[PDB]
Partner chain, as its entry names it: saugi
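There is one chain below, alone, in structure tokens, taken in the form deposited without the partner chain.
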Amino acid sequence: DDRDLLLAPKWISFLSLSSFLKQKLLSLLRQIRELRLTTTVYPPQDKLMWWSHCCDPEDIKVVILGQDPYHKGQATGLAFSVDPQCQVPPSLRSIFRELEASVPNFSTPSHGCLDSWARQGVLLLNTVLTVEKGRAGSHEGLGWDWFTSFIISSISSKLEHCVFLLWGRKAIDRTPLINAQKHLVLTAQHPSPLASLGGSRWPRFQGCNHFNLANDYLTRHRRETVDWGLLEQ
């Protein structure tokens, strides 16, 4: 039943999943519900699809990929976003600092809630949506990959002139799914300081200027821009 897919209806309609894929997602969600009876899993179950409630698919301007959720209780259902009760972790402090140095109307806030981005059409999507407490990458694998890859392809297939910010080796591995004739892809090193630089090669996060370039791209295709400085507590 569509109730237990946890996705907002405008997304269910936009994704147009088959019966097979809806049953496979329901089994995955039911598997996770049973995992919670032995282990703490972030984020909460009713936040797994939190991104799909903050804006509709037609509102998406920029797609930012995460890895897995934070694993210390600060994950909110949005990639990189922080519960106002927890400290801003190294990744987001590094994002704010690139913004502080490049975008005029940005001032670094004292919090890390990025709900204001999500409403404006910034899709903050973890590539794997659950994580066990205190064990990063514990749910990396084929459990979530088919599902988050399906979302990215649906955004590339059905939308036009969006911006994909790919930071790090795992997000950059999703490059083939994006039609770069319809969409802008911008790649960089992961924002967490001293992250890998390739091995096989990508530019540095510091000075990548991805947020201005995203808006330059949307402006040139006559779409509304993202105001990164708008971050409400």
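Rigid core: the largest C-alpha set superposing within 1.5 Å between the two forms. Positions refer to the first chain, counted from 1. Shifts are known only where both forms have a C-alpha.
Beyond what is shown, the protein has a form solved in complex with the partner chain; the following relates to that form.
Taking 111, 97, 161, 119 one by one, only a single residue has any non-hydrogen atom within 4.5 Å of the partner chain in the entry with it bound, and it is 97. The partner is absent here; in the entry with it bound, the one residue of 28, 177, 195, 185 having a heavy atom within 4.5 Å of the partner chain is 195.
Remark: none of the three candidate residues (166, 211 and 226) comes within 4.5 Å of the partner chain in the entry with it bound, counting heavy atoms only. At the 4.5 Å threshold, heavy atoms of residue 71 reach the partner chain in the entry with it bound. Looking at residue 130, you'd find every heavy atom of it more than 4.5 angstroms from the partner chain in the entry with it bound. In the entry with it bound, residue 156 stays away from the partner chain, with no heavy atom inside 4.5 Å. With a 4.5 Å cutoff on heavy atoms, residue 88 counts as touching the partner chain in the entry with it bound.
The partner is not drawn, yet in the entry with it bound one stretch among 167-175, 41-49, 28-36, 56-64 has residues with heavy atoms inside 4.5 Å of the partner chain: 167-175. After fitting on the rigid core, only one stretch of 3+ residues whose CA atoms all move by 2 angstroms or more between this form and the one not shown is found, at 194-199.
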